*Asks:* 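Once you've had a glance at the structure underneath, I'll fire off some questions.
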Amino acid sequence: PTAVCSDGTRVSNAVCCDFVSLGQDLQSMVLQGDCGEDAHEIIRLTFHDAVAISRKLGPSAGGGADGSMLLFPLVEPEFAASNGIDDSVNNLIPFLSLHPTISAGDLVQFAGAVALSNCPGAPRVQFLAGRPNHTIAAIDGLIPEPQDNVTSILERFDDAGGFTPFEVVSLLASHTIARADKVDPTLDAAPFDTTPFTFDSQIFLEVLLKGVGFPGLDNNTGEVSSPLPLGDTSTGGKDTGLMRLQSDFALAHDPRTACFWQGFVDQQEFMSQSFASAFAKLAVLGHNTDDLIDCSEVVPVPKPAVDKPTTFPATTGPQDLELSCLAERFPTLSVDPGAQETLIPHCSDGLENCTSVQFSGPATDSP
Ligand code: HEM
Ligand SMILES: [Ca+2]
Ligand SMILES: [Ca+2]
Ligand SMILES: [Mn+2]
Ligand SMILES: [Mn+2]
């Protein structure tokens, strides 16, 4: 039956109420209301946790969205494909004992939903609760890597949960709030779009620009040339230049995915809704939803989409596009004024000096 939570939220099931205090603690202790580093890493973790499941190999290969990354932190986080996931894992582990009624699987997905809510333009995602509190570690080899080709990526997502090419591209809207710490051993927080604290369609536009250089080294696995490689890190600054992943480039130009990729350019609501639908499917891999309860009402209302239109970043323009989609014309968009590349801020407040919460814990990472 219905009930009302301590914060006034109307819920269809009183067991949803335990998530209210969890959300509050996730914000006060880790996320700090920001679409920042810790939020981004936690959203990345929802994917690393959930995608480790295989129809063809059967249940023993992995239980999907099951908290396996938190419950066996000495196994999957140290597989090569998850290098760097230790930060999010170690940040979430303490919540298992602080909120002992909430399973690890539920914790991972709820933390991702709360993190998304901090990002202007992000959808208010579905949240179903009730994932069991026990599992085993997944096998290695189930997480796509940025050097993988589109056939491989599409097969992996299809085998994980029957995701279509459209749903894959939709999920990759997440790269609108993403940066890389491990791809280039000389760079920290190399952003994938010019607005890494805004859940917008800049990623879709910017991957379609011609690459002209690299923000760091020119030969990292899984990395390709960037259209906006300039940063201030050569003089000690923290505003790393923009990085492009091979996989994002490949998705943007493959015949199976290129029209879906371009279709999100300057289509904020379509992008956010499409991401939401695919992400809800991702969040329940390893579960029959009949065995879960709807606690969507305790996901915070997200920060609204920004007013700013989708635009070409300074020094770029439509003449720089490499287009592959015949089915839809690329829209006419304004160009941001400026003669030199605009530094991409390291922090959501526009500065370089922000710091992030990091708890110590059992998961580790490699140089
Ligand atoms: C083909 C599939 C994917 C590939 C190859 C891929 C690859 C990557 C890589 C290489 C990084 C940088 C990690 C680092 O070096 O620090 C990254 C970051 C990230 N990924 Fe993706 N990813 C994929 C799909 C997804 C999905 C489905 C989601 C979530 C729905 C996601 C969310 C994120 C987020 C939020 C970050 C940023 C973390 C941060 O900024 O701290 N990724 N991904
Ligand atoms: Ca898992
Ligand atoms: Ca963005
Ligand atoms: Mn790290
Ligand atoms: Mn990171």
Side-chain angles (χ1 to χ4, degrees), residues 35-51 65 80-88 91 109 112-113 115-116 119-123 125 142-150 152-157 160-161 163 165 167-185 187-207 220-223 240 242-251 257 264 268 271-272 274-276 278-283 285 305-306 308 310 313 344 346 348 356 358 365-366:
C35 187
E37 178 66 20
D38 285 2
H40 300 163
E41 289 284 3
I42 279 162
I43 294 162
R44 180 186 172 209
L45 177 59
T46 67
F47 172 59
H48 285 242
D49 190 25
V51 78
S82 289
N83 189 29
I85 213 68
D86 62 335
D87 290 345
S88 59
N91 278 342
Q109 297 305 324
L116 281 162
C119 299
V125 300
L142 299 173
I143 300 179
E145 297 184 69
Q147 68 271 23
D148 295 351
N149 71 21
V150 170
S152 172
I153 288 166
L154 295 179
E155 190 279 338
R156 182 75 278 283
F157 274 98
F163 296 93
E167 288 171 325
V168 176
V169 176
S170 295
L171 287 170
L172 271 291
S174 62
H175 282 190
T176 194
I177 46 161
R179 313 189 289 185
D181 307 323
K182 297 300 196 173
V183 175
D184 185 325
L187 303 179
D188 189 40
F192 300 158
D193 85 1
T194 53
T195 56
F197 319 101
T198 309
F199 205 96
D200 57 13
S201 66
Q202 292 302 138
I203 182 71
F204 292 102
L205 179 153
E206 293 168 2
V207 169
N220 302 304
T221 299
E223 184 178 344
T240 306
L242 193 146
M243 179 179 289
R244 186 183 287 174
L245 298 184
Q246 186 278 159
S247 43
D248 287 344
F249 174 86
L251 289 163
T257 51
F264 292 134
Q268 177 64 34
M271 183 195 70
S272 68
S274 297
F275 175 80
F279 189 74
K281 179 175 174 170
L282 181 70
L285 294 180
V306 301
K308 188 187 158 288
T310 300
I344 302 165
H346 181 67
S348 66
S356 296
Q358 186 61 59
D365 64 271
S366 175

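Atoms considered below: every heavy atom in the structure, side chains included; atoms not considered: hydrogens, waters and symmetry mates. Atoms within each ligand, like the ligands themselves, are counted from 1 in listed order. We count residues from 1, following the sequence as given.
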*Asks:* Which atoms of ligand 1 have any heavy atom of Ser247 under 4.0 Å away?
*Replies:*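 So the atoms of ligand 1 that pass are 5 (C).
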
*Asks:* Quick one: which of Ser82, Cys119, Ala115, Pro144 has a heavy atom closest to atom 4 (C) of ligand 1?
*Replies:*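 The option holding the nearest heavy atom is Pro144.
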
*Asks:* Are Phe47 and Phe157 close enough that their ring centres sit under 6.0 Å apart?
*Replies:*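 Here the rings of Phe157 and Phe47 have centres that are less than 6.0 Å from each other.
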
*Asks:* Please determine whether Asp181 has a backbone or side-chain N, O or S atom lying under 2.8 Å from the Mn ion (ligand 5).
*Replies:*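 Under 2.8 Å: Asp181 contacts the Mn ion (ligand 5) through an N, O or S atom.
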
*Asks:* At what distance, to the nearest 0.5 angstrom, does CD of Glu167 lie from OG of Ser170?
*Replies:*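 Reported to 0.5 Å precision, the distance equals 7.0 Å.
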
*Asks:* Tell me: protein heavy atom nearest atom 35 (C) of ligand 1, and distance?
*Replies:*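 Scanning the protein heavy atoms, the shortest distance from atom 35 (C) of ligand 1 goes to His40 O, 3.3 Å.
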
*Asks:* Return yes or no for this condition: an N or O of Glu145 is under 3.5 Å from an N or O of ligand 1.
*Replies:*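 No: no nitrogen or oxygen of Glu145 is under 3.5 Å from one in ligand 1.
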
*Asks:* Using a 4.0 Å cutoff against the non-hydrogen atoms of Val183, which atoms of ligand 1 qualify?
*Replies:*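 So the atoms of ligand 1 that pass are 10 (C), 15 (O).
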
*Asks:* Between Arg179 and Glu37 (salt bridge meaning N to carboxylate O under 4.0 Å), is one present in this structure?
*Replies:*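 Yes, charged N to carboxylate O under 4.0 Å.
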
*Asks:* Can you tell if the side chain of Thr310 reaches within under 4.5 Å of the side chain of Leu205, non-hydrogen atoms only?
*Replies:*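 Counting from C-beta outward, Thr310 and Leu205 do come under 4.5 Å.
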
*Asks:* Between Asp181 and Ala189, is there a donor-acceptor pair closer than 3.5 Å when you use the side chain of the first and the backbone of the second?
*Replies:*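 Here the side-chain-to-backbone pair exists.
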
*Asks:* Check whether any side-chain heavy atom of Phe199 lies under 4.5 Å from a side-chain heavy atom of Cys35, and answer yes or no.
*Replies:*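 SC-SC contact between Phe199 and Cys35 ruled out.
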
*Asks:* Hey, does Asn91 have a side-chain heavy atom less than 4.5 Å from the side chain of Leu45?
*Replies:*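 Heavy-atom side-chain distance check fails, nothing below 4.5 Å.
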
*Asks:* Where is the tightest heavy-atom contact between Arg156 and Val51, given as atom of each residue plus distance?
*Replies:*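 Of all heavy-atom pairs spanning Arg156 and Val51, the closest is NH1-O, 3.0 Å.
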
*Asks:* Tell me, which protein residue and heavy-atom name are nearest atom 11 (C) of ligand 1, and how many Å apart are they?
*Replies:*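 Heavy-atom neighbour on the protein nearest atom 11 (C) of ligand 1: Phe192 CZ, 3.9 Å.
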
*Asks:* Once rounded to 10°, what is the value of the angle centred on the Mn ion (ligand 5) between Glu37 OE2 and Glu41 OE2?
*Replies:*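 Reported to 10°, the angle equals 90°.
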
*Asks:* How far is atom 40 (O) of ligand 1 from its nearest protein heavy atom, and which residue and atom name does that atom have?
*Replies:*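 Of the protein heavy atoms, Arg179 N, 2.9 Å lies nearest.
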
*Asks:* Going by heavy atoms in the side chains, are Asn220 and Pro185 under 4.5 Å from each other?
*Replies:*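 Touching, per the 4.5 Å side-chain cut-off.
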
*Asks:* Under 3.0 Å from the Ca ion (ligand 3), which protein atoms of type N, O or S occur, listed by chain and number?
*Replies:*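 You should have found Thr176 O, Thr176 OG1, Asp193 OD1, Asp193 OD2, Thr195 O, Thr195 OG1, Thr198 O, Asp200 OD1.
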
*Asks:* So, for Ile42 and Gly112, which heavy atoms are closest and what is the spacing to 0.1 Å?
*Replies:*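 Scanning both residues, the minimum pair turns out to be CG2-N, 3.7 Å.
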
*Asks:* To which protein heavy atom is atom 14 (C) of ligand 1 closest, and what is the distance rounded to 0.1 Å?
*Replies:*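 Checked against all protein heavy atoms, atom 14 (C) of ligand 1 sits closest to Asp181 N, 3.4 Å.
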
*Asks:* Which protein atoms of type N, O or S are found under 2.8 Å from atom 21 (Fe) of ligand 1?
*Replies:*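 Those protein N, O or S atoms (cut-off: under 2.8 Å from atom 21 (Fe) of ligand 1) are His175 NE2.
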
*Asks:* Show the atoms of ligand 1 that are less than 4.0 angstrom away from any heavy atom in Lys182.
*Replies:*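 Counting from 1, the qualifying ligand atoms are 14 (C), 15 (O), 16 (O).
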
*Asks:* Taking the side chain as every heavy atom from C-beta outward, state whether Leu245 and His175 have any atom pair closer than 4.5 Å.
*Replies:*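 The answer is yes, as the side chains (C-beta and beyond) meet within the 4.5 Å cut-off.
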
*Asks:* Flag the pair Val150 / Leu251 as yes when at least one side-chain heavy-atom distance between them is below 4.5 Å, and no otherwise.
*Replies:*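 A side-chain contact exists here, since the closest heavy-atom pair is under 4.5 Å.
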
*Asks:* Find out whether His40 and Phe197 are in side-chain contact, i.e. whether some heavy atom of one side chain is under 4.5 Å from a heavy atom of the other.
*Replies:*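 A side-chain contact exists here, since the closest heavy-atom pair is under 4.5 Å.
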
*Asks:* Please confirm whether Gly84 approaches ligand 1 to less than 4.0 Å, judged on its heavy atoms.
*Replies:*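 Not so, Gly84 does not reach ligand 1.
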
*Asks:* So, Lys182 side chain and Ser82 main chain: donor-acceptor pair closer than 3.5 Å or not?
*Replies:*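 Between the backbone of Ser82 and the side chain of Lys182 there is no qualifying donor-acceptor contact (under 3.5 Å).
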
*Asks:* List ligand 1 atoms under 4.0 Å from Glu37, heavy atoms only on the residue side.
*Replies:*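 Contacts of ligand 1 toward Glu37, numbered from 1: 41 (O).
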
*Asks:* Are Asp193 and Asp200 packed together at the side-chain level, in the sense that at least one heavy-atom pair is separated by less than 4.5 angstrom?
*Replies:*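 Side-chain contact under 4.5 Å: yes.
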
*Asks:* Work out which heavy atom in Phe264 is nearest to a heavy atom in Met271; give both atom names and the distance.
*Replies:*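 Of all heavy-atom pairs spanning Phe264 and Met271, the closest is CD2-CA, 3.5 Å.
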
